[PDB]
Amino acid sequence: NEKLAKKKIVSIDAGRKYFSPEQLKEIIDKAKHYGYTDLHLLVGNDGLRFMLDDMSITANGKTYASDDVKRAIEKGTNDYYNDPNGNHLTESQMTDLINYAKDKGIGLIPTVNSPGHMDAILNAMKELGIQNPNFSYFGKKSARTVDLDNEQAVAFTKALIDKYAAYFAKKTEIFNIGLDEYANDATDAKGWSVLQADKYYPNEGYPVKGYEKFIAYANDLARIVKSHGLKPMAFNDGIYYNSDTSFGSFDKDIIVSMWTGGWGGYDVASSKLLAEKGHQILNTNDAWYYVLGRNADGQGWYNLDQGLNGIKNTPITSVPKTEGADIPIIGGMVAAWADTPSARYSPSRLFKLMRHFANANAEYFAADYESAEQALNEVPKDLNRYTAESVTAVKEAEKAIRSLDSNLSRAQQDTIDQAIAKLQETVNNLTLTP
């Protein structure tokens, strides 16, 4: 019961790269087939590729008109990557997609990323006429990150998240506000250290109250998300960066998507510390990542062979940076990313990744009852014309399928498959009365 109760999630970066409703439905179908519970769909992640019917934003003592906001966002996304396959999902398409998934027992968790990975929102704010929304670091301007000192940019971003959270309310359960990799371009992947620096190295030009403002921003977004009955989620790397609790406290209702244990000079809080601070954790281990188009060994970081190795060697229970502690999880999430969004999306490769993750952690993933359900639909309804002996065999075989535990794991698939094979054999053995 405890293993199957976990969430098993596939993540798709539909922020950087367009995915059609048709493609996303296929992913949902495989998710259901392999025993997953949720699709985690990034729609704001560098690009912004989801448009509400009403995009009007009220911030800064005014309202930015819906059609201007839409034009600004479409243009801003194209400035990031003008995808020949499409620009954005519409509200009708998203509503239908979420419905389609819900009918299959699959949840959807959106991401609209900020204050990093928000290239298109920054572009859009500039198109609307908001001044200098981007963060800069000693004359290097970030293309991806808002400046938390810019009240008008921050107000516009919060109102945009409020608008999206209102749409997702009641049809979803978790909203991922992101928070990963602050100003990774402008600071050469040292953004958290930069935000914390002035406290410890004053009078050197580091951003004043940088990290303090970041905590308040994270907490303000968590408040917005909670106000719509949704659980806020965020990536781990900026949450108590350098294990430093002295700047303030993150909202404990933020679920942590634990994706990285950090690296040389990128010293993240342990999952131990985060659990201790009262955060639930979704294991989003980068061991399992696939960046689209990096399709074999040698083709770069998070190539498909690397991801498949990570899946084979790092079980769903193995969370980044535990400090040897036993870290409880709400589930595991395998992620496909579109860092090079002009890469060809290969459904077979994504499905291979998804299948391997399910197979490697088979006790966690739901079994497939689809074919048992269909076999039951295909049984002849009326058996009177057949011999009593042969009829009994079919009725007992149907009864046996219907009696199967409805909570079997993928590890126990053969129990279901044997029961189907038995029914089919009895049906084949029906003998007409002489």
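So that there is no doubt, residue numbering starts at 1 and follows the sequence shown.
Here 35 to 43 and 398 to 406 are compared by their mean Cα B-factor, and 398 to 406 comes out higher. For the segment pair 198 to 206 and 212 to 220, the entry gives 198 to 206 the higher mean B-factor, averaged over Cα atoms.
The entry lists C-alpha B-factors for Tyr266, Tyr289, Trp259, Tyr81, and the highest of these is at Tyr266. Highest CA B-factor among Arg294, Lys190, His356, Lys126, as stated in the entry: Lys190. Split the chain's modelled residues into thirds by C-alpha temperature factor. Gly307 is in the lowest one. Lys381: CA B factor lies in the highest third for its chain, per the PDB record.
Among the modelled residues of the chain, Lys8 sits in the lowest third by CA temperature factor in this PDB entry. Ranked within its chain, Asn285 lands in the lowest third, by CA B factor from the PDB record.
The deposited CA B-factor of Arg16 belongs to the lowest third of values across its chain.
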